[PDB]
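Consider the single chain below, provided in structure tokens and representing the form deposited in one PDB entry.
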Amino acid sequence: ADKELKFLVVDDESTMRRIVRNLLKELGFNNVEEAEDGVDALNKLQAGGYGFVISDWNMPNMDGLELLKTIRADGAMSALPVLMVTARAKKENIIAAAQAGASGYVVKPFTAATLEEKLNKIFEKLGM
């Protein structure tokens, strides 16, 4: 994919955001911003320019399922890639997110290779 693709990394834990951002850099992606919950995320997304969202689920203010659903329902950003990265491991969680339009889904804890693999799976599906 285009190495100037702008990512929004959303998680209420700064340690996780740091992990994801550093994995993105290793993969060649340096245009990366962070948000701390779904409301902060939507503020940055409204600010413009984003091409990919990586998001947690359990966050205050707006959780990642609501964030995903808001994005998919919004005409200005309905096809924006959203990769879920969450400790929610139950099949019903995965179903709710998949059905809500998740581009992909990774369960914490996760390896570097898994994130890379699932990002590349989304790129290939979208022809990025």
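A residue's number is simply how far along the shown sequence it sits, counting from 1.
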Per the entry, where is the mean C-alpha temperature factor higher: 98-106 or 38-46?
38-46
Decide which of the stretches 27-35 and 64-72 has the higher mean C-alpha B-factor, going by the entry.
27-35
For residue 12, return the chain-relative third of its C-alpha B-factor as stated in the PDB record: lowest, middle or highest.
middle
Entry-reported Cα temperature factor of residue 93, expressed as the chain third it lands in:
middle
Thinking about Cα B factors across the chain, which third does residue 82 belong to?
lowest
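The same protein also exists as the form deposited with a partner chain bound; that form is not shown, yet it is the one meant from here on.
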Which listed residue (98, 27, 77, 39) meets the criterion of a heavy atom within 4.5 Å of its partner chain in the entry with it bound?
98
Using heavy atoms and a 4.5 Å limit, would one call residue 6 a contact residue for its partner chain in the entry with it bound?
no
Touches its partner chain in the entry with it bound: residue 47 (any heavy atom, 4.5 Å):
no
